[PDB]
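Heads up: the structure comes next, in C-alpha cells.
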Amino acid sequence: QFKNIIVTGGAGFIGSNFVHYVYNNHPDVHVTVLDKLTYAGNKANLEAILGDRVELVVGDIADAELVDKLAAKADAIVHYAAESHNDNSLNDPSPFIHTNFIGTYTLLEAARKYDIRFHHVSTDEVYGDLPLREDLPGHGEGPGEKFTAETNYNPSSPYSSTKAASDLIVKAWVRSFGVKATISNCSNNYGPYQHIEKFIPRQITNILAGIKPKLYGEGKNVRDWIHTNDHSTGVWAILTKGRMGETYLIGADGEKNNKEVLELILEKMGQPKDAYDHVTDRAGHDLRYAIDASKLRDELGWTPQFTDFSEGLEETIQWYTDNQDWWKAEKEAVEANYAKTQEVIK
Amino acid sequence: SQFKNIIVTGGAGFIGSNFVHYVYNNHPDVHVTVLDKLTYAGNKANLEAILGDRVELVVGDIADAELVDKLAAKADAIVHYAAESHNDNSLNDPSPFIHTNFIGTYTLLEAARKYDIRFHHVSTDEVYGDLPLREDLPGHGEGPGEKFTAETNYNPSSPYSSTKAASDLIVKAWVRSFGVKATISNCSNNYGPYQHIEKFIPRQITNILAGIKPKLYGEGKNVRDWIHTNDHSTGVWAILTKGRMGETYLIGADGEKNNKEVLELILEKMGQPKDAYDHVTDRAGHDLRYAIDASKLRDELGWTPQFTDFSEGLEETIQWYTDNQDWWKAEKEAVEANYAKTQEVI
Ligand SMILES: NC(=O)c1ccc[n+]([C@@H]2O[C@H](COP(=O)([O-])OP(=O)(O)OC[C@H]3O[C@@H](n4cnc5c(N)ncnc54)[C@H](O)[C@@H]3O)[C@@H](O)[C@H]2O)c1
Ligand SMILES: NC(=O)c1ccc[n+]([C@@H]2O[C@H](COP(=O)([O-])OP(=O)(O)OC[C@H]3O[C@@H](n4cnc5c(N)ncnc54)[C@H](O)[C@@H]3O)[C@@H](O)[C@H]2O)c1
Ligand SMILES: Cc1cn([C@H]2C[C@H](O)[C@@H](COP(=O)(O)OP(=O)(O)O[C@H]3OC[C@@H](O)[C@H](O)[C@H]3O)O2)c(=O)[nH]c1=O
C-alpha cells in the first residue's frame, strides 16, 4: 500500500531494525531515512543496506524547509526520531523539548499539507507506573493491573512527558484537521544495535570490557521485554491495516525485574552471581510497566514470534560479543558520563 | 500571605487581570510583578488603576529565559496564566500555541526549579475532551463519569486544548522528577468584565451594542459550564496557599447551559427579538458538552463560589460592556473581519 516512505530516526536502534525489515521483506518499497546523527545515530546501522531501496538524508525533523522537500515526494511517514533516554532527560531536558515535541509538530504540519499517512511510534511510559504483582489483588491479571488503550496518561519524567505530549498533538491533529494518523505504544525493546547506555547492552558490554555491571538500587523495578523484530512487524501491521485515529498497544507478555535479568546475563556469560555493583537509584524511578496487547491481536491478527526471552537474550549476548568493534569506541565515554551522577552504593 | 513577592504571567489579559485586582484588594502584603507580552489579547488598561508601588508591569515573553531568570531571582511564587487562549485562532494558526503554551511553560518551570520557588499552573477543563449531552446519559449528568473529575483521562481535541494538556503533563513530571513545588487547576468557562470580544458572550453583547447580528455556531446545542471570573480568582488563591503539593484541583460552579439558551437570554435582556441572530459555519472538531465536579476543592480546602446566579451575573456583565464602550469599540471591525474569513451565514 505505500511505495515511498520516510522513516525518521532510522539510524538508531529500533528505527534501523524497521528499515532492515522493509529492505528484507518489502523490496518494492523505497525508504528515505531522515536522521540527525546525534550521539545515538550511527551510519554503521545502515551502511551495508544503502542503495536503490534505502537512502540516508542527514538533518533535523524540526528543519521545516528540509522536511517539506522530503514530504513532497513521499506517501507516508513512520516516526521514530526522538531523544530516548530517561537518565539523559534528568540531566538536561532541552533536547527532549526540541526533538520530541517541536519535531513531532513540524512533521504533523507536513503530513497535513501533503495529505499523507503518518504513524507515530511511542511508549508505554506515557501511562506512568504500576505496583508490583505481589502488591495487587489479581496478582497482575485483574482489570487495571496492566495498561490498556483506555488507561489515563500520567508520565513521570522529561522523556516520558515529552513523548506523551507528542501523542496528544497527534490525536488532536486527527480530530481537528483529519490527518491520516495512527499511534503505537510499545513496551521495552531489546536486541542487536541498541546503544550501550541502555540497561541490557550496558551490562553485556561491561562484562566483555572487564567492568562490573551496575544495578539501580536493589533491582526491584519491572520492565515488559519485547524483541525489536516483533515491534517491527507490529508497526508494519498498523501502518498498512490500522484504523485511522486509533491507538494500539504492543507487548509480548514478558515482565521481569531488573535483578533477575542481570542474574541471567551473569550466568549466561560465566560470571559469579554476585559479580556486580549496586549504584545510585534514579530520581522518580518508575516501578512496574505491563502492556495488555489484546486490541492489536484481536483486530489485526498480529502475534509475537520471539517469546522465549532466555533464547532471545542468548542471541543478543552473542551479537555484542561478535561485533565488539561496533561499540568499543564508546565504552569509556558512556561510563565516564554515568560517573558524573552515579556511584557505587556502600 | 506566606508569599510576599509574586510573579503573575499573563496578568494583562482577562482572567489574569481579574486575579491581580483580587490580590490588590484582598492581600495588601503582596507585591505583584506582571509578565505579559501584550499580544492582541493583552491590554494595559485592564491593570492601569492599580499600577504603582504594589503592582509592576514588565513587557516580555515567558519564553525569554534571560528575562524570566532576572524576575524569578526576586520572587517567592509564580502564578501562570500566560497562554494563547482561543480555539478558533488555534485552528487557523497553531504556531503561537506551540511556542507560548508549551515552550513558555517549560521555560518558567526551569526557573522555578533553579530558584526552588512555588509554582501554580492555571489550566482548563478542555484537557479532558468532550462529554455527551445529559439527555443521552443513563444518569442524566449525575452518574460517575458524567462530569469531569481529577481522575478523568486527558483527551484534548484541538491545537489549543492539546497544547494546554501537554503543558499540564510537563508540570506534573517536573514535580515527580525534580521536586518542583507545583499545583495545577483545571477550570470551566469563565465570564465577566474585561473579556476579549472574540469570545462568545462579549462578542454577542458588543455586536448588539454596535448594530451587528449575534452569531451562533450551528444550532447551538453545545454545553458549557459557566463560572464568574471572581470565583476563579478565589479558587486559585485557595490552591496557591493551602493546596497539597503535586495535586490537581477542579474549579466549577455547577452552571451548565447550552449556547442557544445563553444567546436567547442576552437577546431578552437587551430588548431584542428572539430571532434576531444568524446561524453560522460550525467549528471543526467542535467539543459537545463540558461539566466539572468541584468536590475535591470544596471539601478539602473549604472553597465555595459566591456568584451562583447566572442571570444576575450576566446582567452585570452586559451593563459593564455598555458602560465601557471605549474599552472595545476600536477593536470591533478587525475582530469581525477576521471571523468573516472562515464563517458564513447558514
Ligand atoms: N527503546 C525502546 O524500548 C522504546 C520502546 C518503545 C518506543 N520507543 C520509541 O522508539 C523511538 C526510537 O527509540 P530508540 O530506542 O531507537 O532510540 P535511539 O536513541 O536508539 O535512536 C534515536 C534516533 O533519533 C535520531 N534523532 C534524535 N533527534 C533527532 C532529530 N531532532 N531529528 C532527526 N533525528 C533525530 C538519532 O540520531 C537516533 O538515530 C523513539 O520515538 C522512542 O520513544 C523506544
Ligand atoms: N477564558 C477561560 O474561560 C479559561 C478557562 C480556564 C482557564 N483558562 C486559562 O486561563 C488563562 C488565561 O486565559 P484568558 O482567558 O485570560 O486569556 P486571554 O486571551 O484574555 O489573555 C492571554 C494573556 O496572555 C498574554 N500572553 C500571550 N502569549 C504570551 C507570552 N508568550 N508571554 C507572555 N504573555 C503572553 C497575552 O498578552 C494576554 O494578556 C490561560 O492559561 C487559559 O488557558 C481560560
Ligand atoms: C465566538 C463564538 C462561540 N460560539 C460557541 C463556541 C463554543 O461552543 C461556545 C464558547 O465559545 P468560546 O468563547 O470560543 O469558548 P470555548 O471554545 O468554550 O473556550 C473557552 O473556555 C475554555 C477556555 O480554556 C478557553 O480559553 C475559552 O476560550 O460558544 C458561538 O456559538 N458563537 C460565537 O460567536
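Just so you know, the numbers here start at 1 and follow the chain as drawn.
When the header is checked for method, it gives X-ray crystallography, 1.8 Å.
Each residue, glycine too, has its Cβ placed from N, Cα and C.
Here Swiss-Prot flags B:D125 as active site, proton donor, drawing on similarity to another entry. Here Swiss-Prot flags B:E126, B:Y160 as active site, proton acceptor. Positions annotated as NAD(+) binding site by Swiss-Prot: B:14-15, B:36-39, B:61-62, B:81-85, B:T100, B:160-164, B:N190. Look at Swiss-Prot and you will find B:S85, B:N87, B:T124, B:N189, B:199-204, B:215-217, B:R224, B:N259, B:282-286 tagged as substrate binding site.
B:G285 (substrate binding site) sits 12 Å from B:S161 (NAD(+) binding site), taking the Cα positions as reference.
Taking all protein chains in view, 19 other C-beta atoms sit within 10 angstroms of the C-beta of B:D61 (NAD(+) binding site).
When the Cα of B:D61 (NAD(+) binding site) is compared against those of the recorded positions B:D125, B:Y160, B:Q204, B:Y217, B:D282, the shortest separation belongs to B:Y160. Looking only at other Cβ atoms within 10 Å, the busiest spot among the binding-site residues B:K37, B:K164 turns out to be B:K164. Burial estimate for the binding-site residues (B:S85, B:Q204): highest at B:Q204, by number of other CB atoms within 10 Å. Highlighted here are the binding-site residues (B:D61, B:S85, B:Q204, B:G285) whose C-beta falls below 6 Å from ligand 2: B:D61, B:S85, in sequence order. Secondary structure from DSSP puts B:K37 (NAD(+) binding site) in coil. A gap of 23 Å separates the Cα atoms of B:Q204 (substrate binding site) and B:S161 (NAD(+) binding site). Listed in sequence order, B:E84, B:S85, B:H86, B:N87, B:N89, B:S90, B:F97, B:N101, B:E126 are the same-chain residues six or more apart from B:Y160 (active site, proton acceptor) with CB atoms under 8 A from its CB.
Only B:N189, B:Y217, of the binding-site residues B:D61, B:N189, B:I201, B:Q204, B:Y217, B:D282, place a Cβ under 6 Å from an atom of ligand 3. In sequence order, B:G285 are the recorded positions among B:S85, B:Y160, B:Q204, B:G285 whose C-beta falls under 8 Å from a C-beta of chain A. The two recorded residues, B:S161 (NAD(+) binding site) and B:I201 (substrate binding site), have Cα atoms 20 Å apart. Taking B:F14, B:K37, B:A82, B:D125, B:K164 as the recorded positions under consideration, the smallest Cα distance to B:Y217 (substrate binding site) is found for B:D125. Listed in sequence order, the recorded positions from B:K37, B:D125, B:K164 having a Cα within 10 Å of the Cα of B:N189 (substrate binding site) are B:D125.
Nearest Cα neighbour of B:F14 (NAD(+) binding site) among the listed recorded positions (B:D125, B:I201, B:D282): B:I201. A straight line from the CA of B:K37 (NAD(+) binding site) to the CA of B:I201 (substrate binding site) spans 25 Å.
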